[PDB]
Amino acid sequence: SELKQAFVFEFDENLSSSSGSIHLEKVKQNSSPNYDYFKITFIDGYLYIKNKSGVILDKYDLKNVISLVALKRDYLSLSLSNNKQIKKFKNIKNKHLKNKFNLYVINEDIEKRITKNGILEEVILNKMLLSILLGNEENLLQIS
């Protein structure tokens, strides 16, 4: 009875952080035949914006935010996760991984639930999306 294709994410950085749960779905499209598109719907979670003092300045509810991302279909060549444990989408703080498959964000917030607050929020959501996905692309392999 669990939610299907739904996973926990954790994002930690100096000036922002986030955690919660996301639903991933493959998105049919013809604009970029060498890419797979994924829709990310936030089920639960908060986006935190912090000052340099580590003080939380703002807290944003991510619930029902819809994000759209894409990466090159070469990721399909990755070996499967070995059913090792439960798949999750976490970064490692200050570790900026190489972007092997040209993962990029098409739209970080389709209804501008958060990004209507300003440019800063846009940039932060974009960086968060890349951070929880890079290094974790094999998690996308049996996502339909």
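A residue's number is simply how far along the shown sequence it sits, counting from 1.
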Do the CA atoms of 20-28 or those of 120-128 have the higher mean B-factor in the entry?
120-128
So which stretch wins on mean C-alpha B-factor, 61-69 or 109-117?
109-117
Which one of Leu78, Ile43, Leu103, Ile40 shows the top CA temperature factor in the record?
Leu78
Here the Cα B-factor of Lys90, set against its chain, lands in the third termed lowest
